[PDB]
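Here the structure is laid out as C-alpha coordinates; the discussion comes afterwards.
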Amino acid sequence: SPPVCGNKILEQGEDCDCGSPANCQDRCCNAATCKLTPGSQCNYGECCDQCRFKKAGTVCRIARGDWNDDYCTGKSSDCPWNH
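Note that the numbering used here has the sequence shown beginning at 2, numbered continuously upward.
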(Lines of atoms letter the chains of each structure in order from A; the text may use other names.)
(Lines give C-alpha, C1' and ligand atoms only; values in the text may rest on other atoms or scores of the structure.)
Protein backbone atom coordinates (compact mmCIF):
# COMPACT_ATOMS: atom_id res chain seq x y z
CA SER A 2 0.00 0.00 0.00
CA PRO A 3 2.22 2.85 -1.31
CA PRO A 4 1.70 6.53 -0.37
CA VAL A 5 -1.15 7.68 -2.61
CA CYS A 6 -3.35 10.59 -1.57
CA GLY A 7 -6.73 9.76 -3.03
CA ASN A 8 -6.38 5.99 -3.19
CA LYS A 9 -8.15 5.23 0.09
CA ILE A 10 -4.78 4.44 1.66
CA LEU A 11 -3.66 6.48 4.65
CA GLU A 12 -0.08 6.26 3.40
CA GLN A 13 0.54 9.41 1.37
CA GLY A 14 1.39 11.36 4.54
CA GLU A 15 -2.33 12.08 4.85
CA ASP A 16 -3.22 10.38 8.13
CA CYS A 17 -6.83 10.40 6.87
CA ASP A 18 -7.79 10.12 3.20
CA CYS A 19 -10.37 8.47 0.96
CA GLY A 20 -10.04 6.90 -2.48
CA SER A 21 -12.36 9.52 -3.95
CA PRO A 22 -13.60 12.78 -2.31
CA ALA A 23 -17.04 11.78 -3.60
CA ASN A 24 -16.76 8.23 -2.29
CA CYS A 25 -15.02 9.27 0.93
CA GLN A 26 -16.65 6.77 3.26
CA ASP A 27 -14.67 8.08 6.23
CA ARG A 28 -16.37 10.68 8.42
CA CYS A 29 -13.11 10.87 10.36
CA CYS A 30 -10.83 10.95 7.30
CA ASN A 31 -11.23 13.36 4.38
CA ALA A 32 -9.54 12.91 0.99
CA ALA A 33 -10.04 16.52 -0.08
CA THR A 34 -7.66 17.35 2.78
CA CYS A 35 -5.76 14.09 3.11
CA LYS A 36 -6.15 14.46 6.87
CA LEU A 37 -8.50 13.98 9.82
CA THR A 38 -11.83 15.66 9.07
CA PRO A 39 -12.87 18.65 11.26
CA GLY A 40 -13.92 17.23 14.61
CA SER A 41 -11.78 14.09 14.68
CA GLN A 42 -8.20 13.90 15.96
CA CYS A 43 -7.47 10.20 15.49
CA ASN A 44 -8.19 7.51 12.91
CA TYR A 45 -5.28 5.08 13.18
CA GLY A 46 -2.58 4.66 15.82
CA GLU A 47 -1.99 3.89 19.50
CA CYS A 48 -3.29 7.27 20.67
CA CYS A 49 -6.32 6.89 18.40
CA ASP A 50 -9.50 6.10 20.33
CA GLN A 51 -13.02 6.65 18.96
CA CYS A 52 -11.73 8.88 16.15
CA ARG A 53 -10.22 11.01 18.91
CA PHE A 54 -6.67 10.90 20.31
CA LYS A 55 -6.33 9.68 23.87
CA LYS A 56 -5.99 12.72 26.13
CA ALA A 57 -2.32 13.24 26.98
CA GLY A 58 -1.54 11.09 29.98
CA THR A 59 -3.14 7.91 28.67
CA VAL A 60 -0.45 5.24 29.04
CA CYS A 61 -0.12 3.29 25.78
CA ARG A 62 3.39 1.84 26.06
CA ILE A 63 6.34 1.07 28.34
CA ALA A 64 10.08 0.98 27.78
CA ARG A 65 11.12 -1.88 30.06
CA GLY A 66 9.51 -1.48 33.46
CA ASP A 67 8.24 1.80 34.89
CA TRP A 68 10.40 4.93 34.88
CA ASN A 69 9.05 7.55 32.50
CA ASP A 70 6.16 5.44 31.20
CA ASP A 71 4.85 5.83 27.66
CA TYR A 72 2.02 8.36 27.46
CA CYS A 73 -0.26 9.83 24.83
CA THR A 74 0.07 13.51 23.90
CA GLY A 75 -3.48 14.14 22.68
CA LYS A 76 -1.91 15.63 19.55
CA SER A 77 -1.03 12.53 17.51
CA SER A 78 -1.77 8.82 17.14
CA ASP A 79 1.68 8.04 18.57
CA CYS A 80 2.65 7.28 22.16
CA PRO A 81 6.24 8.25 23.18
CA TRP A 82 7.89 6.12 25.90
CA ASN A 83 8.47 9.46 27.64
CA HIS A 84 12.25 9.03 27.56
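Each residue gets a CB set at the ideal place from its N, CA and C atoms; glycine is no exception.
Opposite residue i in the DSSP bridges: which residues?
{"i": "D71", "result": "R62"}
Whole angstroms is fine: what's the gap from residue i's alpha carbon to residue j's?
{"i": "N83", "j": "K9", "result": "32 Å"}
{"i": "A32", "j": "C43", "result": "15 Å"}
{"i": "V5", "j": "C25", "result": "14 Å"}
{"i": "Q13", "j": "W68", "result": "35 Å"}
{"i": "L37", "j": "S78", "result": "11 Å"}
{"i": "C30", "j": "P81", "result": "23 Å"}
{"i": "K56", "j": "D50", "result": "9 Å"}
For residue i, which residues from the same chain have a beta carbon less than 6 Å from its beta carbon, with the 5 sequence-adjacent residues on both sides left out?
{"i": "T59", "result": "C73"}
{"i": "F54", "result": "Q42, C43, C48, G75"}
Please list, in chain order, all residues of the same chain as residue i whose beta carbon is under 7 Å from its beta carbon, the five residues on each side excluded.
{"i": "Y45", "result": "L11, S78"}
Closest to residue i by CA distance: which of the options is it?
{"i": "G40", "options": "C48, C52, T34, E47", "result": "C52"}
| message | Going residue by residue through the stretch 20–64, where are the continuous beta strand (DSSP E) segments of at least 3 residues, counting only ones entirely within it? | response | 60–62
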